[PDB]
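K.L.:
I'm passing along upload.txt; it holds compact mmCIF, C-alpha atoms (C1' of nucleotides) and all ligand atoms.
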# COMPACT_ATOMS: atom_id res chain seq x y z
CA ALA A 2 0.00 0.00 0.00
CA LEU A 3 1.09 3.63 -0.45
CA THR A 4 3.29 4.87 2.41
CA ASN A 5 2.48 8.12 4.28
CA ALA A 6 5.40 9.72 2.41
CA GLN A 7 3.92 8.59 -0.93
CA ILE A 8 0.49 10.00 0.14
CA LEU A 9 2.13 13.35 1.04
CA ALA A 10 3.78 13.36 -2.44
CA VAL A 11 0.32 12.84 -4.00
CA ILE A 12 -1.03 15.74 -1.92
CA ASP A 13 1.94 17.97 -2.84
CA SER A 14 1.52 17.26 -6.58
CA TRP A 15 -2.25 17.99 -6.31
CA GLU A 16 -1.63 21.34 -4.53
CA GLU A 17 0.98 22.48 -7.13
CA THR A 18 -1.29 21.72 -10.13
CA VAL A 19 -4.42 23.25 -8.43
CA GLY A 20 -2.45 26.36 -7.36
CA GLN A 21 -1.99 27.14 -11.09
CA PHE A 22 -5.77 27.04 -11.71
CA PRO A 23 -7.40 30.47 -12.35
CA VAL A 24 -8.13 32.25 -9.04
CA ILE A 25 -11.56 33.89 -9.35
CA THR A 26 -12.92 36.58 -7.04
CA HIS A 27 -16.46 36.03 -5.73
CA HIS A 28 -18.30 38.57 -3.54
CA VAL A 29 -20.56 36.66 -1.13
CA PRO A 30 -23.05 37.29 1.71
CA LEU A 31 -21.64 36.58 5.17
CA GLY A 32 -24.86 37.03 7.18
CA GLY A 33 -26.23 40.01 9.06
CA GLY A 34 -26.18 42.16 5.93
CA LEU A 35 -22.36 41.97 5.70
CA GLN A 36 -20.57 41.06 2.47
CA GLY A 37 -17.18 39.43 1.99
CA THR A 38 -14.82 38.13 -0.67
CA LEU A 39 -13.68 34.56 -1.46
CA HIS A 40 -11.04 33.41 -3.96
CA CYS A 41 -11.83 30.13 -5.72
CA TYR A 42 -9.21 28.13 -7.66
CA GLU A 43 -11.46 26.90 -10.47
CA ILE A 44 -10.88 23.84 -12.66
CA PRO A 45 -11.40 24.55 -16.41
CA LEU A 46 -14.84 23.97 -17.94
CA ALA A 47 -13.49 21.60 -20.61
CA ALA A 48 -10.44 19.46 -21.30
CA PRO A 49 -7.54 19.78 -20.69
CA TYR A 50 -8.06 20.30 -16.94
CA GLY A 51 -4.50 19.90 -15.62
CA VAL A 52 -1.96 17.14 -15.05
CA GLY A 53 -3.72 14.14 -13.54
CA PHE A 54 -7.29 15.52 -13.70
CA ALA A 55 -10.21 14.16 -15.79
CA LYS A 56 -13.96 14.80 -15.73
CA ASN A 57 -16.15 11.81 -14.82
CA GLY A 58 -19.40 13.77 -14.58
CA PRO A 59 -21.02 17.17 -15.26
CA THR A 60 -19.55 18.56 -12.02
CA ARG A 61 -17.42 15.57 -10.94
CA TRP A 62 -13.67 15.12 -11.50
CA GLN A 63 -10.99 12.61 -10.47
CA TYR A 64 -7.26 12.78 -9.79
CA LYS A 65 -5.02 9.95 -11.04
CA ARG A 66 -1.35 9.11 -10.36
CA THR A 67 0.72 6.06 -11.34
CA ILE A 68 3.08 4.89 -8.60
CA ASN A 69 5.44 1.95 -9.13
CA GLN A 70 3.46 1.04 -12.26
CA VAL A 71 0.15 0.83 -10.29
CA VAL A 72 -2.58 3.32 -11.15
CA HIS A 73 -4.32 5.14 -8.26
CA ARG A 74 -7.42 7.32 -8.54
CA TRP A 75 -9.29 9.57 -6.08
CA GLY A 76 -12.22 11.94 -6.14
CA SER A 77 -10.75 15.31 -7.07
CA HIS A 78 -11.88 17.02 -3.87
CA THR A 79 -10.87 14.19 -1.49
CA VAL A 80 -7.08 14.55 -1.94
CA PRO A 81 -6.40 17.04 0.91
CA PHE A 82 -7.86 14.52 3.39
CA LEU A 83 -6.07 11.27 2.42
CA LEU A 84 -4.43 11.17 5.89
CA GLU A 85 -7.76 11.59 7.74
CA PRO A 86 -10.27 9.02 9.06
CA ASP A 87 -12.76 8.06 6.31
CA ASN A 88 -15.85 7.78 8.60
CA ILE A 89 -17.31 9.43 11.73
CA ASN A 90 -20.14 8.26 13.99
CA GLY A 91 -20.76 5.39 11.58
CA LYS A 92 -21.20 7.73 8.58
CA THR A 93 -18.87 8.15 5.59
CA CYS A 94 -16.79 11.34 5.35
CA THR A 95 -17.39 13.57 2.32
CA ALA A 96 -15.53 16.51 0.84
CA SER A 97 -17.61 19.62 1.55
CA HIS A 98 -17.31 23.04 -0.18
CA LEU A 99 -17.52 25.96 2.24
CA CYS A 100 -17.80 28.09 -0.92
CA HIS A 101 -20.55 26.04 -2.64
CA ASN A 102 -18.51 26.28 -5.91
CA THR A 103 -18.08 22.70 -7.29
CA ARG A 104 -15.34 23.63 -9.86
CA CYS A 105 -13.33 25.19 -6.99
CA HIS A 106 -10.48 23.02 -5.69
CA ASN A 107 -8.98 25.51 -3.17
CA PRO A 108 -8.23 23.34 -0.11
CA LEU A 109 -8.81 26.42 2.08
CA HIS A 110 -12.45 26.12 0.91
CA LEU A 111 -12.91 22.41 1.77
CA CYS A 112 -13.79 20.48 4.92
CA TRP A 113 -14.13 16.71 5.57
CA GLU A 114 -17.49 15.84 7.15
CA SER A 115 -20.73 13.78 7.04
CA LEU A 116 -23.13 14.27 4.11
CA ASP A 117 -25.70 15.57 6.59
CA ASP A 118 -23.29 18.28 7.88
CA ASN A 119 -22.30 19.01 4.25
CA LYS A 120 -25.93 19.39 3.12
CA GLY A 121 -26.84 21.47 6.17
CA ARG A 122 -24.38 24.30 5.35
CA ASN A 123 -26.70 25.24 2.41
CA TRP A 124 -29.16 26.90 4.87
CA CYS A 125 -26.69 28.25 7.48
CA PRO A 126 -27.07 32.01 8.23
CA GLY A 127 -23.28 32.42 7.91
CA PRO A 128 -20.21 33.44 9.95
CA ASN A 129 -21.65 36.91 10.67
CA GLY A 130 -25.30 35.87 11.00
CA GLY A 131 -25.20 33.19 13.67
CA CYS A 132 -23.33 30.14 12.29
CA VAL A 133 -22.81 27.51 15.00
CA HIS A 134 -20.78 25.04 12.89
CA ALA A 135 -17.74 23.96 14.93
CA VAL A 136 -15.74 24.28 11.70
CA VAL A 137 -17.03 27.73 10.78
CA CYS A 138 -18.78 28.50 7.50
CA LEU A 139 -17.03 30.89 5.11
CA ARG A 140 -20.33 32.40 3.91
CA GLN A 141 -24.08 32.40 4.28
CA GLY A 142 -25.61 29.34 2.63
CA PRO A 143 -27.15 29.86 -0.82
CA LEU A 144 -30.55 28.63 0.37
CA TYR A 145 -30.87 30.68 3.57
CA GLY A 146 -34.05 32.72 3.61
CA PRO A 147 -37.81 32.70 4.04
CA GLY A 148 -38.43 30.02 1.42
CA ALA A 149 -41.42 29.95 -0.90
CA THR A 150 -43.96 27.74 0.89
CA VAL A 151 -47.17 27.45 -1.14
CA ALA A 152 -49.57 26.54 1.67
CA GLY A 153 -49.20 26.41 5.44
CA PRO A 154 -50.88 24.20 8.05
CA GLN A 155 -54.66 24.11 7.74
CA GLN A 156 -57.75 22.12 8.69
CA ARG A 157 -61.28 22.10 7.28
CA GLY A 158 -63.11 21.01 10.40
CA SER A 159 -62.03 20.94 13.93
CA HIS A 160 -60.72 17.36 14.53
CA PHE A 161 -57.16 18.55 15.17
CA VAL A 162 -55.18 20.59 17.66
CA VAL A 163 -51.52 21.57 17.19
CA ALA B 202 -61.50 13.47 -8.33
CA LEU B 203 -62.08 16.32 -10.83
CA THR B 204 -64.85 18.39 -9.16
CA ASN B 205 -63.94 20.88 -6.41
CA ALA B 206 -66.83 19.35 -4.42
CA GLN B 207 -65.39 15.85 -4.97
CA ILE B 208 -61.93 17.11 -3.80
CA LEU B 209 -63.52 18.71 -0.71
CA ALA B 210 -65.26 15.39 0.09
CA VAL B 211 -61.93 13.49 -0.11
CA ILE B 212 -60.30 15.96 2.34
CA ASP B 213 -63.34 15.72 4.67
CA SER B 214 -63.12 11.87 4.61
CA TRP B 215 -59.30 11.91 5.17
CA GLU B 216 -59.62 14.39 8.09
CA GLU B 217 -62.34 12.23 9.74
CA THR B 218 -60.25 9.00 9.48
CA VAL B 219 -56.93 10.63 10.57
CA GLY B 220 -58.83 12.34 13.44
CA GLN B 221 -59.29 8.87 14.90
CA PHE B 222 -55.55 8.08 14.84
CA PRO B 223 -54.02 7.93 18.35
CA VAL B 224 -52.78 11.33 19.57
CA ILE B 225 -49.17 11.21 20.80
CA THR B 226 -47.67 14.04 22.81
CA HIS B 227 -44.07 14.93 21.89
CA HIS B 228 -41.94 17.37 23.89
CA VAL B 229 -39.69 19.22 21.43
CA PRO B 230 -36.96 21.91 21.37
CA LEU B 231 -38.10 25.28 20.02
CA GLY B 232 -34.77 27.07 20.01
CA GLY B 233 -33.37 29.44 22.59
CA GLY B 234 -33.32 26.92 25.40
CA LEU B 235 -37.16 26.69 25.34
CA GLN B 236 -39.18 23.48 25.04
CA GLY B 237 -42.71 23.05 23.71
CA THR B 238 -45.36 20.41 23.09
CA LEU B 239 -46.73 19.01 19.80
CA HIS B 240 -49.68 16.63 19.39
CA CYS B 241 -49.09 14.23 16.51
CA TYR B 242 -51.89 12.02 15.10
CA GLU B 243 -49.94 8.85 14.27
CA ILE B 244 -50.82 6.18 11.68
CA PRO B 245 -50.56 2.62 13.11
CA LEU B 246 -47.35 0.64 12.73
CA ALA B 247 -49.06 -2.29 10.92
CA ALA B 248 -52.23 -3.18 9.07
CA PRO B 249 -55.04 -2.19 9.43
CA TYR B 250 -54.18 1.53 9.20
CA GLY B 251 -57.65 3.00 8.58
CA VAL B 252 -60.29 3.28 5.88
CA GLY B 253 -58.61 4.11 2.57
CA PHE B 254 -55.01 3.81 3.81
CA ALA B 255 -52.32 1.34 2.69
CA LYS B 256 -48.55 1.11 3.23
CA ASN B 257 -46.30 1.25 0.15
CA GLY B 258 -42.98 1.65 1.98
CA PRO B 259 -41.34 1.49 5.42
CA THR B 260 -42.45 5.09 6.16
CA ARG B 261 -44.68 5.61 3.06
CA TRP B 262 -48.50 5.32 2.77
CA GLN B 263 -51.18 6.17 0.19
CA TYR B 264 -54.84 7.22 0.53
CA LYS B 265 -57.31 5.73 -1.97
CA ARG B 266 -60.99 6.50 -2.73
CA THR B 267 -63.30 5.13 -5.48
CA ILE B 268 -65.15 8.02 -7.22
CA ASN B 269 -67.39 7.40 -10.29
CA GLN B 270 -66.35 3.71 -10.17
CA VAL B 271 -62.76 5.02 -10.71
CA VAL B 272 -59.91 4.48 -8.18
CA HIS B 273 -58.11 7.69 -7.21
CA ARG B 274 -54.90 7.44 -5.14
CA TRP B 275 -52.56 10.01 -3.56
CA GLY B 276 -49.54 10.12 -1.30
CA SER B 277 -51.02 9.94 2.17
CA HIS B 278 -49.73 13.35 3.34
CA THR B 279 -50.67 15.27 0.17
CA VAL B 280 -54.46 15.13 0.62
CA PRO B 281 -54.86 18.43 2.57
CA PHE B 282 -53.36 20.33 -0.37
CA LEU B 283 -55.28 18.86 -3.33
CA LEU B 284 -56.57 22.36 -4.27
CA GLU B 285 -53.14 23.98 -4.31
CA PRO B 286 -50.78 24.36 -7.30
CA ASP B 287 -48.75 21.22 -7.96
CA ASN B 288 -45.48 23.13 -8.62
CA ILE B 289 -43.63 26.26 -7.48
CA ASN B 290 -40.89 28.10 -9.41
CA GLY B 291 -40.51 25.11 -11.69
CA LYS B 292 -40.14 22.81 -8.67
CA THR B 293 -42.58 20.11 -7.59
CA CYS B 294 -44.49 20.83 -4.39
CA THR B 295 -44.05 18.30 -1.55
CA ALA B 296 -45.84 17.68 1.72
CA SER B 297 -43.44 18.75 4.50
CA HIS B 298 -43.64 17.77 8.19
CA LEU B 299 -43.11 20.66 10.61
CA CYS B 300 -43.00 17.98 13.35
CA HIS B 301 -40.45 15.81 11.42
CA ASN B 302 -42.57 12.70 12.34
CA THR B 303 -43.41 10.74 9.13
CA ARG B 304 -46.13 8.61 10.83
CA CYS B 305 -47.91 11.84 11.81
CA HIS B 306 -50.77 12.92 9.55
CA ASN B 307 -52.01 15.91 11.60
CA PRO B 308 -52.71 18.58 8.94
CA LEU B 309 -51.75 21.26 11.45
CA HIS B 310 -48.22 19.77 11.21
CA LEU B 311 -47.93 19.88 7.39
CA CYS B 312 -47.08 22.46 4.75
CA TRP B 313 -46.77 22.42 0.94
CA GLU B 314 -43.39 23.54 -0.43
CA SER B 315 -40.42 22.76 -2.63
CA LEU B 316 -38.15 19.91 -1.62
CA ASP B 317 -35.26 22.30 -0.84
CA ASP B 318 -37.37 24.26 1.69
CA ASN B 319 -38.58 20.95 3.12
CA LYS B 320 -35.03 19.59 3.59
CA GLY B 321 -33.76 22.90 4.95
CA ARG B 322 -36.12 22.77 7.92
CA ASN B 323 -33.90 19.94 9.30
CA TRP B 324 -31.28 22.53 10.33
CA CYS B 325 -33.52 25.46 11.36
CA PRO B 326 -32.75 26.90 14.84
CA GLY B 327 -36.51 26.98 15.51
CA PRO B 328 -39.40 29.34 16.35
CA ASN B 329 -37.53 30.74 19.39
CA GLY B 330 -33.96 30.46 18.11
CA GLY B 331 -34.14 32.58 14.97
CA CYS B 332 -36.33 30.83 12.37
CA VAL B 333 -36.86 33.07 9.33
CA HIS B 334 -39.28 30.74 7.51
CA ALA B 335 -42.25 32.70 6.16
CA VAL B 336 -44.42 29.72 7.15
CA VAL B 337 -42.93 29.37 10.62
CA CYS B 338 -41.32 26.18 11.92
CA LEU B 339 -43.02 24.43 14.84
CA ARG B 340 -39.73 23.19 16.33
CA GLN B 341 -35.97 23.33 16.01
CA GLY B 342 -34.72 21.02 13.26
CA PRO B 343 -33.40 17.62 14.37
CA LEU B 344 -29.97 18.32 12.80
CA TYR B 345 -29.32 21.84 14.19
CA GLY B 346 -26.02 22.08 16.01
CA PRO B 347 -22.25 22.37 15.64
CA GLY B 348 -21.87 19.17 13.57
CA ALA B 349 -19.05 16.66 13.79
CA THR B 350 -16.59 17.75 11.09
CA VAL B 351 -13.51 15.49 11.05
CA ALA B 352 -11.11 17.90 9.32
CA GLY B 353 -11.26 21.61 8.44
CA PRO B 354 -9.76 23.71 5.65
CA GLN B 355 -5.96 23.24 5.41
CA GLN B 356 -2.89 23.30 3.10
CA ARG B 357 0.55 21.60 3.30
CA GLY B 358 2.33 24.34 1.30
CA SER B 359 1.86 28.09 0.70
CA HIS B 360 0.14 28.27 -2.74
CA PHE B 361 -3.43 29.20 -1.68
CA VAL B 362 -5.27 32.19 -0.15
CA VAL B 363 -8.86 32.11 1.20
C1' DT C 1 1.93 6.55 -17.76
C1' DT C 2 -1.39 9.64 -19.37
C1' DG C 3 -5.64 11.82 -21.21
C1' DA C 4 -10.49 11.97 -22.40
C1' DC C 5 -14.14 9.88 -22.41
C1' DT C 6 -17.82 6.03 -20.73
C1' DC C 7 -20.94 3.89 -16.93
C1' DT C 8 -23.23 3.21 -12.34
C1' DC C 9 -23.72 4.25 -7.15
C1' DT C 10 -25.13 6.71 -2.00
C1' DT C 11 -28.13 9.30 1.32
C1' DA C 12 -32.38 11.14 3.41
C1' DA C 13 -35.83 14.34 2.71
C1' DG D 1 -39.82 13.30 -0.77
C1' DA D 2 -42.95 10.37 -4.99
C1' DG D 3 -46.09 7.02 -8.55
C1' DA D 4 -47.91 2.60 -10.10
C1' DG D 5 -48.87 -2.81 -10.29
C1' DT D 6 -50.64 -7.56 -8.24
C1' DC D 7 -53.68 -10.18 -5.94
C1' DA D 8 -57.64 -11.49 -2.90
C1' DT E 1 -65.14 -1.71 -3.44
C1' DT E 2 -61.74 -2.22 -0.16
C1' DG E 3 -57.53 -4.09 1.82
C1' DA E 4 -52.62 -5.62 1.89
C1' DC E 5 -49.00 -6.17 -0.16
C1' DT E 6 -45.19 -5.56 -4.31
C1' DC E 7 -41.80 -2.68 -7.23
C1' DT E 8 -39.38 1.41 -8.88
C1' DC E 9 -38.69 6.70 -9.09
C1' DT E 10 -36.82 12.19 -7.94
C1' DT E 11 -33.68 15.67 -6.27
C1' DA E 12 -29.20 17.80 -4.96
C1' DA E 13 -25.53 17.55 -1.91
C1' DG F 1 -21.73 13.71 -2.37
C1' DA F 2 -18.89 8.62 -4.80
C1' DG F 3 -15.89 4.32 -7.50
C1' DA F 4 -14.69 1.90 -11.70
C1' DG F 5 -14.01 0.56 -17.09
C1' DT F 6 -12.20 1.29 -22.09
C1' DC F 7 -9.04 2.60 -25.51
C1' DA F 8 -5.04 4.42 -27.66
MN MN A 401 -21.88 20.85 0.02
MN MN A 402 -39.14 17.11 5.77
ZN ZN A 403 -13.97 28.09 -3.54
ZN ZN A 404 -22.46 27.50 9.38
ZN ZN A 405 -46.91 15.72 13.99
ZN ZN A 406 -37.66 27.57 10.42
Mind converting the file's structure to structure tokens?
P.N.:
Amino acid sequence: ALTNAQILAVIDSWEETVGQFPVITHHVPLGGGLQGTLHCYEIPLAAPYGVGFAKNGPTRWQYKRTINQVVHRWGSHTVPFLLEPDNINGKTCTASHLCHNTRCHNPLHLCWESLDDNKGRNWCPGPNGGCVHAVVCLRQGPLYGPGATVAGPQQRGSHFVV
Amino acid sequence: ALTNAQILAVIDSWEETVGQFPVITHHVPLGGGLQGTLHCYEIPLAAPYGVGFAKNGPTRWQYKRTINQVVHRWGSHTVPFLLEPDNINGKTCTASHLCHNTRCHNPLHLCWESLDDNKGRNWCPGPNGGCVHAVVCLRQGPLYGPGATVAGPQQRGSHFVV
DNA sequence: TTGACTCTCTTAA
DNA sequence: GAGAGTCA
DNA sequence: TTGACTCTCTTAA
DNA sequence: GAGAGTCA
């Protein structure tokens, strides 16, 4: 199996290639009416993507390296966490974008957590609006807000109490 | 069926049958350190469930009525909203539990909204913890909290800026 | 060893 | 969160 | 007409 | 949010 040193070499190669990706400025809500700025290192929209990178789905990519004539492949966003536990509380760990920008591969924009924690950041009020995430959000979630509920609770008779 | 009066009669029949379901008291967090009480009308765990009701999945049921010698069937929680639009902003409308208790069919615990709004209620701080839902939550979401993130944003080198 | 494609899968509302 | 089919 | 089962599907992380 | 196959 790959040694820790070999894993670090994979991570170092990933960082060097991704650091050459275009760095794009995005102005984002932070919560409480405050705005901030994030810098995403964005993979190209079409091939070529960069040494070792290939698109396996509309917004899914993989990283590949050959070591001692054996081919190894990882999800493109999982590489910063190859030295971390792969599960927590009986749930699998996922790469999670604090920036909600799939093409972005900035490791300063990624955390390693459960799919429920990952999903939940979509509705978080944000670092300046009341975020309670132990690993703090970088922005207000894209889906925070009043929502668009079509109909609320209602009864025709009087069989029910709340 | 097709007539408003037929639709009203279905809702009246559904309300009468659900009104006989056992009423279960649940003590729930509301946000802000406050606790409250909800009264859920719970479908039985096994057959028989009630006139017109049948189980199609572990926590899935359907309501069925014969009208004009024709069988009409709906998802068991959708019946209160049969007169509402079936989509919103190009998104399908779903029945959404404010009590987060699938077995509960109390119409005072249900709303009609997109699936994103539905899911997002899982993380809401609650009616006394800062809920901004236009149609207000009845309790804090079951997944609100700091989370259990295994690893946060990090870099081995010095190529990236947040 | 490498690139650019192909396919199917998981979870919990 | 959904819809539809097979029996009795 | 009614009941009790069966199977597969949708969406967006 | 994932892993794996094919071909040159
Ligand atoms: Mn995410
Ligand atoms: Mn729900
Ligand atoms: Zn980013
Ligand atoms: Zn947060
Ligand atoms: Zn309820
Ligand atoms: Zn709410």
K.L.:
Could you please extract the residues within 10 Å of ligand ZN 405 (chain A), counting all atoms listed in the file, and hand them back as a ChimeraX atom specification?
P.N.:
/A:163 /B:224-227,239-243,298-311,339
K.L.:
For a quick test of understanding: name the residues of chain B lying within 8 Å of chain C when counting only C-alpha atoms (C1' of nucleotides), and present them as a PyMOL selection string.
P.N.:
chain B and resi 316+319-320
K.L.:
Just how far from CA of residue 63 (chain A) is CA of residue 357 (chain B), in Å to one decimal?
P.N.:
20.1 Å
K.L.:
For the reference chain B, what are the coordinates of chain A after least-squares fitting (all Cα, in-order pairing), as a short mmCIF file (atom, residue, chain, number, x, y, z; two decimals) with C-alpha atoms, in the frame of the given file?
P.N.:
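Generated file (superposed-v8.cif):
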data_model
loop_
_atom_site.label_atom_id
_atom_site.label_comp_id
_atom_site.auth_asym_id
_atom_site.auth_seq_id
_atom_site.Cartn_x
_atom_site.Cartn_y
_atom_site.Cartn_z
CA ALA A 2 -62.32 14.79 -13.58
CA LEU A 3 -63.20 15.13 -9.88
CA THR A 4 -65.13 18.33 -9.12
CA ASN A 5 -64.00 20.72 -6.34
CA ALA A 6 -66.92 19.42 -4.26
CA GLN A 7 -65.73 15.82 -4.79
CA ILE A 8 -62.15 16.89 -3.79
CA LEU A 9 -63.51 18.53 -0.60
CA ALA A 10 -65.37 15.25 0.17
CA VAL A 11 -62.06 13.37 -0.21
CA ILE A 12 -60.40 15.86 2.16
CA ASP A 13 -63.27 15.61 4.67
CA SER A 14 -63.13 11.78 4.69
CA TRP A 15 -59.31 11.91 5.16
CA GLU A 16 -59.60 14.34 8.12
CA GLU A 17 -62.29 12.21 9.88
CA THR A 18 -60.26 8.96 9.61
CA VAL A 19 -56.94 10.68 10.61
CA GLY A 20 -58.63 12.48 13.55
CA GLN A 21 -59.27 9.01 15.07
CA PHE A 22 -55.55 8.10 14.90
CA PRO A 23 -53.75 8.02 18.30
CA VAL A 24 -52.70 11.54 19.35
CA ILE A 25 -49.20 11.30 20.85
CA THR A 26 -47.52 13.98 22.96
CA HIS A 27 -43.95 14.89 21.98
CA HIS A 28 -41.82 17.39 23.94
CA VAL A 29 -39.54 19.21 21.48
CA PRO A 30 -36.84 21.93 21.41
CA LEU A 31 -38.07 25.28 20.11
CA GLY A 32 -34.71 27.10 19.99
CA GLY A 33 -33.04 29.41 22.47
CA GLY A 34 -33.14 26.76 25.19
CA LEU A 35 -36.97 26.78 25.25
CA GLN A 36 -39.02 23.58 25.08
CA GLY A 37 -42.53 23.05 23.75
CA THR A 38 -45.13 20.37 23.12
CA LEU A 39 -46.55 19.00 19.84
CA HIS A 40 -49.41 16.52 19.34
CA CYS A 41 -48.94 14.11 16.44
CA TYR A 42 -51.80 12.02 14.99
CA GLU A 43 -49.82 8.87 14.23
CA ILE A 44 -50.73 6.18 11.69
CA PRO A 45 -50.40 2.61 13.09
CA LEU A 46 -47.11 0.75 12.65
CA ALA A 47 -48.78 -2.22 10.92
CA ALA A 48 -52.00 -3.08 9.12
CA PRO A 49 -54.82 -2.21 9.46
CA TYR A 50 -54.04 1.52 9.21
CA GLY A 51 -57.53 3.00 8.74
CA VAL A 52 -60.20 3.21 6.06
CA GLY A 53 -58.55 3.98 2.73
CA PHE A 54 -54.91 3.83 3.93
CA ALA A 55 -52.22 1.31 2.86
CA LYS A 56 -48.44 1.21 3.28
CA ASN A 57 -46.40 1.36 0.06
CA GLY A 58 -43.02 1.74 1.77
CA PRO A 59 -41.23 1.60 5.15
CA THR A 60 -42.40 5.15 5.95
CA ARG A 61 -44.65 5.79 2.92
CA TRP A 62 -48.45 5.43 2.78
CA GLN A 63 -51.21 6.16 0.26
CA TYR A 64 -54.88 7.13 0.48
CA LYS A 65 -57.37 5.53 -1.93
CA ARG A 66 -61.04 6.30 -2.70
CA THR A 67 -63.36 4.91 -5.38
CA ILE A 68 -65.61 7.54 -6.95
CA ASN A 69 -68.19 6.63 -9.60
CA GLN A 70 -66.47 3.25 -9.98
CA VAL A 71 -63.06 4.89 -10.74
CA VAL A 72 -60.24 4.33 -8.27
CA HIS A 73 -58.20 7.38 -7.15
CA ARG A 74 -54.99 7.29 -5.12
CA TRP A 75 -52.83 9.99 -3.49
CA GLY A 76 -49.76 10.17 -1.31
CA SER A 77 -51.07 10.02 2.25
CA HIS A 78 -49.63 13.40 3.23
CA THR A 79 -50.67 15.26 0.05
CA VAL A 80 -54.45 15.17 0.68
CA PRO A 81 -54.79 18.48 2.60
CA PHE A 82 -53.34 20.32 -0.43
CA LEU A 83 -55.40 18.88 -3.33
CA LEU A 84 -56.82 22.37 -4.03
CA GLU A 85 -53.36 24.02 -4.15
CA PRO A 86 -50.94 24.63 -7.06
CA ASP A 87 -48.70 21.57 -7.58
CA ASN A 88 -45.49 23.53 -8.47
CA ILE A 89 -43.74 26.80 -7.54
CA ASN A 90 -40.85 28.58 -9.28
CA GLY A 91 -40.57 25.62 -11.64
CA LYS A 92 -40.17 23.10 -8.79
CA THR A 93 -42.65 20.43 -7.67
CA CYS A 94 -44.53 20.96 -4.39
CA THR A 95 -43.98 18.38 -1.64
CA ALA A 96 -45.73 17.64 1.62
CA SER A 97 -43.41 18.78 4.42
CA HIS A 98 -43.60 17.76 8.12
CA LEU A 99 -43.05 20.68 10.50
CA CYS A 100 -42.83 17.97 13.19
CA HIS A 101 -40.33 15.69 11.38
CA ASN A 102 -42.55 12.69 12.36
CA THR A 103 -43.30 10.68 9.15
CA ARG A 104 -46.13 8.55 10.70
CA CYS A 105 -47.85 11.81 11.77
CA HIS A 106 -50.75 12.87 9.54
CA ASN A 107 -51.92 15.93 11.56
CA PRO A 108 -52.62 18.56 8.87
CA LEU A 109 -51.70 21.25 11.43
CA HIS A 110 -48.17 19.78 11.18
CA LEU A 111 -47.90 19.88 7.35
CA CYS A 112 -46.95 22.52 4.80
CA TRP A 113 -46.82 22.41 0.96
CA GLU A 114 -43.43 23.54 -0.37
CA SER A 115 -40.34 22.79 -2.54
CA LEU A 116 -38.10 19.84 -1.60
CA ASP A 117 -35.31 22.33 -0.95
CA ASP A 118 -37.45 24.29 1.57
CA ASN A 119 -38.61 20.95 3.05
CA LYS A 120 -35.05 19.65 3.46
CA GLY A 121 -33.81 22.97 4.85
CA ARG A 122 -36.13 22.89 7.91
CA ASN A 123 -33.94 20.03 9.29
CA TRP A 124 -31.23 22.57 10.30
CA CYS A 125 -33.44 25.57 11.24
CA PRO A 126 -32.77 27.00 14.75
CA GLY A 127 -36.54 27.04 15.41
CA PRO A 128 -39.40 29.46 16.17
CA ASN A 129 -37.70 30.73 19.35
CA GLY A 130 -34.11 30.58 18.08
CA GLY A 131 -34.22 32.68 14.94
CA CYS A 132 -36.36 30.89 12.32
CA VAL A 133 -36.88 33.07 9.24
CA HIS A 134 -39.20 30.68 7.34
CA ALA A 135 -42.17 32.69 6.04
CA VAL A 136 -44.34 29.74 7.09
CA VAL A 137 -42.89 29.41 10.58
CA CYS A 138 -41.30 26.22 11.89
CA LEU A 139 -43.04 24.47 14.79
CA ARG A 140 -39.73 23.34 16.33
CA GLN A 141 -35.97 23.43 16.07
CA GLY A 142 -34.75 21.11 13.31
CA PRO A 143 -33.40 17.72 14.42
CA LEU A 144 -30.02 18.40 12.81
CA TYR A 145 -29.37 21.90 14.17
CA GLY A 146 -26.06 22.10 16.00
CA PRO A 147 -22.29 22.23 15.70
CA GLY A 148 -22.01 19.11 13.56
CA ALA A 149 -19.18 16.60 13.79
CA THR A 150 -16.69 17.74 11.15
CA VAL A 151 -13.64 15.46 11.10
CA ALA A 152 -11.13 17.86 9.53
CA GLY A 153 -11.27 21.55 8.68
CA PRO A 154 -9.58 23.56 5.92
CA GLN A 155 -5.84 22.96 5.70
CA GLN A 156 -2.83 23.27 3.40
CA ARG A 157 0.60 21.63 3.48
CA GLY A 158 2.54 24.34 1.70
CA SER A 159 1.68 27.86 1.00
CA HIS A 160 0.19 27.85 -2.56
CA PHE A 161 -3.24 28.97 -1.34
CA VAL A 162 -4.93 31.95 0.27
CA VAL A 163 -8.54 31.95 1.52
#
K.L.:
Report as a Markdown table the residues of chain B within 7 Å of chain A, each with its shortest atom pair and distance in Å (one decimal), using all atoms listed in the file, ordered by chain and increasing residue number.
P.N.:
| residue | atom | partner | partner_atom | distance |
| --- | --- | --- | --- | --- |
| B:220 | CA | A:160 | CA | 5.5 |
| B:239 | CA | A:163 | CA | 6.0 |
| B:240 | CA | A:163 | CA | 5.7 |
| B:307 | CA | A:161 | CA | 6.8 |
| B:308 | CA | A:154 | CA | 6.0 |
| B:309 | CA | A:154 | CA | 4.6 |
| B:310 | CA | A:154 | CA | 6.1 |
| B:311 | CA | A:154 | CA | 5.3 |
| B:312 | CA | A:153 | CA | 4.5 |
| B:313 | CA | A:152 | CA | 5.0 |
| B:314 | CA | A:150 | CA | 4.4 |
| B:318 | CA | A:148 | CA | 5.9 |
| B:321 | CA | A:124 | CA | 6.1 |
| B:324 | CA | A:121 | CA | 6.2 |
| B:333 | CA | A:147 | CA | 5.4 |
| B:334 | CA | A:147 | CA | 4.2 |
| B:335 | CA | A:147 | CA | 4.9 |
| B:336 | CA | A:153 | CA | 6.1 |
| B:346 | CA | A:133 | CA | 6.4 |
| B:347 | CA | A:134 | CA | 4.1 |
| B:348 | CA | A:118 | CA | 5.9 |
| B:349 | CA | A:114 | CA | 6.9 |
| B:350 | CA | A:114 | CA | 4.5 |
| B:351 | CA | A:114 | CA | 5.6 |
| B:352 | CA | A:113 | CA | 5.0 |
| B:353 | CA | A:112 | CA | 4.5 |
| B:354 | CA | A:109 | CA | 4.6 |
| B:355 | CA | A:109 | CA | 5.4 |
| B:356 | CA | A:108 | CA | 6.2 |
| B:360 | CA | A:20 | CA | 5.6 |
| B:361 | CA | A:20 | CA | 6.4 |
| B:363 | CA | A:40 | CA | 5.8 |
